[PDB]
Amino acid sequence: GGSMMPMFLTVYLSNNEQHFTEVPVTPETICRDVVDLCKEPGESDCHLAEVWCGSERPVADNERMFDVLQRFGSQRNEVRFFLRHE
């Protein structure tokens, strides 16, 4: 197969609650996956969001995958990633 030590996050892109882009990132890259895939009007003063079980918070583009997954709590695979473009 192709098991990977690191983990991944499911990002949301486009006006829809069903289109998302998931990605496996190591603690090196940050919210580049969320913005790069969930981009459109060009990365200009944009931020990533984290909502899980009603727990929504503003996530910075410099938040490492797990880094962001460590703020939620025990349920690391219960959060959602979403691209917010003002």
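Reading the values: rules and limits
Residues numbered from 1 in each chain as written, not as in the entry; some residues may be left out. Heavy atoms only, no water. Helix = DSSP H or I, 4+ residues; strand = E, 2+ residues; numbered from the N terminus. Buried < 20%, exposed > 50% of the residue type's maximum accessible area, 1.4 Å probe, protein only. Disulfide = S-S within 2.5 Å. Pairing = 2+ DSSP bridges. Axes fitted to C-alpha atoms, helices over the stretch in contact; angles between N-to-C directions. Core = buried A, V, L, I, M, F, W, Y, C linked by side-chain atoms within 4.5 Å. Contact = heavy atoms within 4.5 Å. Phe/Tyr/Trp six-rings, centres within 6.5 Å; stacked < 30°, edge-to-face > 60°. Salt bridge = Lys/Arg side-chain N within 4 Å of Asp/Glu carboxyl O.

- Deposited coordinates in this entry are attributed by the record to solution NMR.

**Structural notes on the environment of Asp67**
Argument step 1. With respect to the helices and strands, the residue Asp67 is situated in helix α2 (residues 65–72).
Argument step 2. Residue class for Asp67 comes out partly exposed when judged on its relative accessible area of 45%.
Argument step 3. Counting along the chain gives 37 residues from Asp67 to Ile30, while the straight-line C-alpha distance between them is 8.9 Å.

**Quick word on the state of the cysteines**
Argument step 1. If you walk through the whole model with that rule in mind, you get zero disulfides.
Argument step 2. Counting only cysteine sulfurs, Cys46 is the nearest neighbor of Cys31, a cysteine outside any disulfide, at a range of 9.0 Å.

**Overview of the sheet that holds strand β2 (residues 20–25)**
Argument step 1. A sheet is described by the order of its strands in space; here five strands give the open sequence β2-β1-β5-β3-β4, paired in mixed fashion. The sheet is open, and its two edges are formed by β2 and β4 (55–59), each paired on a single side. Here the strands of the sheet are splayed against their neighbours by 30° on average, with no regard to which way each runs.
Argument step 2. Bridging between strand β1 (residues 7–12) and β2 involves six bridges; their strand directions are antiparallel. Among the inter-strand pairings, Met7 is bridged to a residue of β2, identified as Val25.

**Quick notes on the nonpolar core**
Argument step 1. Counting 20 residues, the largest nonpolar core has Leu9, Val11, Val34, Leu48, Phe72, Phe81 and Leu83 as the members making the most contacts within it.
Argument step 2. Top contributing element to this core by residue count: α2, with four residues.
Argument step 3. Other than its neighbours up to four places away in sequence, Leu48 contacts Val11, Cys31, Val34, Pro58, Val59, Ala60, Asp61, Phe81, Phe82 and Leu83.

**Describing the packing of aromatic side chains**
Argument step 1. Considering all chains together, one arrives at three aromatic pairs under this definition.
Argument step 2. With centroids separated by 5.6 Å and ring planes inclined at 35°, the aromatic side chains of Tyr12 and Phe20 adopt a geometry described as tilted.
Argument step 3. The exposure class assigned to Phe20 is partly exposed, which follows from its relative accessible area of 29%.
Argument step 4. Every member of this aromatic cluster is reached through a ring pair, and the members are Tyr12, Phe20 and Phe82.

**Structural notes on the pattern of salt bridges**
Argument step 1. Per the stated rule, a full pass over the model turns up four salt bridges.
Argument step 2. The partner of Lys39 in a salt bridge is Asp36, with the nearest N and O atoms 2.9 Å apart.
Argument step 3. With relative accessibility at 22%, the residue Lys39 sits in the partly exposed group.
Argument step 4. Classification of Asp36 by relative accessible area gives partly exposed; the value is 46%.
Argument step 5. Here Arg71 makes a salt bridge to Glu63, at a shortest N to O gap of 2.9 Å.
Argument step 6. A single salt-bridge network, built from bridges that share partners, covers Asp36, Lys39 and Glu43.

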